[PDB]
Amino acid sequence: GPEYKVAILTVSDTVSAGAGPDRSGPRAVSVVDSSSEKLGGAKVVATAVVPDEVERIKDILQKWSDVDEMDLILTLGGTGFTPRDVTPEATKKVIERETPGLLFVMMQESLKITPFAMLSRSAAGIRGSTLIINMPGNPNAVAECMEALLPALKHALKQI
Amino acid sequence: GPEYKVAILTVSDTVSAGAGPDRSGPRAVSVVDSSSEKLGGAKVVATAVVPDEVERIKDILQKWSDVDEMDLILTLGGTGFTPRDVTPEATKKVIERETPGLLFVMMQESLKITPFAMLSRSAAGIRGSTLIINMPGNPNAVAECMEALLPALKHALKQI
Amino acid sequence: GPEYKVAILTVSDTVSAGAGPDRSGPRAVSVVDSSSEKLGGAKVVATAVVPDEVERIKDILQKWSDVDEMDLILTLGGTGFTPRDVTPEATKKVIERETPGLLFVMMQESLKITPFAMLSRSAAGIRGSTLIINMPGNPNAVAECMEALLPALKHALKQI
């Protein structure tokens with residue numbers, strides 16, 4: 003129906019505990035929708051929240067790739083230098099083929115906005131036929147990151 | 003005689019099965035020759051073809067590194083997002099020391115020509131005293147990648 | 003007293019054996035001190051020398067992280083293509099969370115100075131609450147690397 007199935011995983015002790023809301027989730031979802039055309043037609047069909055714990059992250063990534071077979075998973079948060087940030091360690095354990103080019107573009111564009119970009123430790127890669135991309139928690143982040151990738155993500159999903 | 007020994011490994015189900023020809027092999031070959039002076043005097047003494055299967059790739063990288071002692075092995079193909087592209091996985095299993103600097107440079111220059119460059123998953127590094135660099139299947143690809151690296155590849159082979 | 007504790011590890015067969023002196027150690031030293039303000043108040047409290055041998059580098063990395071609890075360890079040398087350069091390999095075995103962004107920035111800025119930059123194989127990452135960054139052995143190197151990081155290294159140590 004929707005061709006490319008996207009899922010978004012918000013990572014955040016605060017949100018997961020119900021101690022605060024998700025401000026970045028909704029922004030991402032909406033960027034994806036707004037980019038559907040240029041993405042080759044894609045839609046978000048699922049979101050979830052988990053705390054900052056690797057096992058918790060690992061599971062969802064496994065589930066959504068092996069069982070639900072999503073095409074594109076974006077994670078938000080837990081990619082910084084704080085000790086609780088372990089999204090990338092969780093992500094590196096489940097991908098099979100790395101995609102450094104994506105990381106390279108995300109790091110290049112974001113460094114044009116600000117140097118603090120050097121603090122993302124985002125990972126990315128493919129598992130089965132799911133592309134997974136770690137992104138930062140800021141609400142505007144997703145917007146800028148997606149702008150950077152959109153010129154090729156289409157061909158990227160097709161090739162998978 | 004020739005000082006730097008170069009070997010070129012083409013990776014491609016089609017080509018290895020005899021179903022089609024190698025267009026990229028012979029461009030790479032000639033780019034190396036035409037860069038010999040600037041490379042410190044180098045020449046290509048061997049080429050092969052294998053299909054897209056890690057074991058087939060690992061074996062040659064092993065053999066040509068540990069038994070034939072090539073100084074420089076370029077691989078062509080099997081670096082995209084397609085499921086059969088497994089060259090980088092295979093290369094990661096046989097190198098001992100990474101040289102991200104080279105990837106950084108290849109990714110930078112090629113992004114200037116097109117965004118689709120973010121889709122290489124190229125790997126590289128050293129095994130014993132062999133430098134190994136993955137490159138893309140396109141015939142012009144080798145020409146542009148090499149242009150990017152030649153300013154330093156010479157000091158690189160010498161330091162090894 | 004000093005807030006950010008900094009330690010500098012010089013990596014170098016020649017120095018460690020008493021056969022020549024350390025010219026890089028002391029520039030790094032003074033760069034850090036000269037950047038204390040902008041770094042959030044930091045000071046270099048220890049230095050050491052070891053040869054080019056992974057064990058010897060691992061142990062100090064381990065020790066200064068797990069026992070002395072440094073906040074920032076800069077290494078110098080052993081990051082090139084020469085067979086003895088094994089600093090990155092040693093660093094990669096002791097870190098727990100990579101920080102590619104820092105490698106990214108270092109590599110970008112030095113490329114602007116010269117292409118030979120492409121020959122650093124530096125690694126970097128966090129272990130416990132210690133940030134570790136490999137740097138090149140040249141004396142000016144540390145000055146340039148730091149200039150590239152300073153804008154964020156402060157936020158970086160604070161987050162850890």
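Protein chains in written order, with the entry's author numbering: chain B, 3 to 162; chain C, 3 to 162; chain A, 3 to 162.
Even for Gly, the Cβ is constructed at its ideal location relative to N, Cα and C.
Across which residues does DSSP place residue i in a beta bridge pair?
i, result
"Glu100(B)", "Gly127(B)"
"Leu78(C)", "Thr12(C) and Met137(C)"
"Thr132(B)", "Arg129(B)"
Residue i lies in the beta strand (DSSP E); which residues open and close that run?
i, result
"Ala150(B)", "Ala150(B) -> not in any beta strand (DSSP E); alpha helix (DSSP H) instead, spanning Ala143 to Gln161."
Which same chain residues end up closer than 8 Å to residue i when comparing Cβ atoms and leaving out the 5 residues on each side of it in sequence?
i, result
"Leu105(B)", "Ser124, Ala125 and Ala126"
"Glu146(B)", "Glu111, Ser112 and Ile115"
"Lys95(C)", "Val56 and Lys60"
"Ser37(C)", "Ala44, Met148 and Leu152"
"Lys160(C)", "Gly42"
"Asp35(C)", "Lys45 and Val46"
"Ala19(B)", "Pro53"
Where do the N-terminal and C-terminal ends of the alpha helix (DSSP H) with residue i fall, by residue?
i, result
"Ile115(A)", "No alpha helix (DSSP H) holds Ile115(A); DSSP gives it neither H nor E."
"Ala50(A)", "Here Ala50(A) belongs to no alpha helix (DSSP H); instead the beta strand (DSSP E) covers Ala44 to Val52."
"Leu41(B)", "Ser26 to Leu41"
"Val56(C)", "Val56 to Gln64"
"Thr89(A)", "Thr89 to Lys94"
Can you tell me the Cβ-Cβ gap for residue i and residue j, rounded? I've got them flagged as a contact below 8 Å.
i, j, result
"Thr81(A)", "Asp73(A)", "The Cβ separation is near 22 Å, so there is no contact."
"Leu121(B)", "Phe83(B)", "6 Å"
"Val17(C)", "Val51(C)", "5 Å"
"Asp54(B)", "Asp15(B)", "5 Å"
According to the Cβ coordinates, are residue i and residue j closer than 7 Å?
i, j, result
"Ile97(C)", "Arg129(C)", "yes"
"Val33(C)", "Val144(C)", "yes"
"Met148(C)", "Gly103(B)", "no"
"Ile75(C)", "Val46(C)", "no"
"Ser26(C)", "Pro153(C)", "no"
"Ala48(C)", "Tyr6(C)", "no"
"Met137(B)", "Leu78(B)", "yes"
"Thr89(A)", "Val13(A)", "yes"
If you drop the 5 nearest sequence neighbours on each side, which residues of the same chain put their C-beta closer than 7 Å to that of residue i?
i, result
"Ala158(A)", "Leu133"
"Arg99(B)", "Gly127 and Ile128"
"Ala119(C)", "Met109, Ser112 and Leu113"
"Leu155(A)", "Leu41"
"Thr101(A)", "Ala126, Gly127 and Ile128"
"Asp24(A)", "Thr12, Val17 and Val51"
"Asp68(C)", "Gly130"
"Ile62(B)", "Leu11, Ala50 and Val52"
Keeping to the same chain, check which residues put their C-beta closer than 6 Å to that of residue i; ignore five residues upstream and five downstream.
i, result
"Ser131(B)", "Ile162"
"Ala92(B)", "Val56, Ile59 and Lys60"
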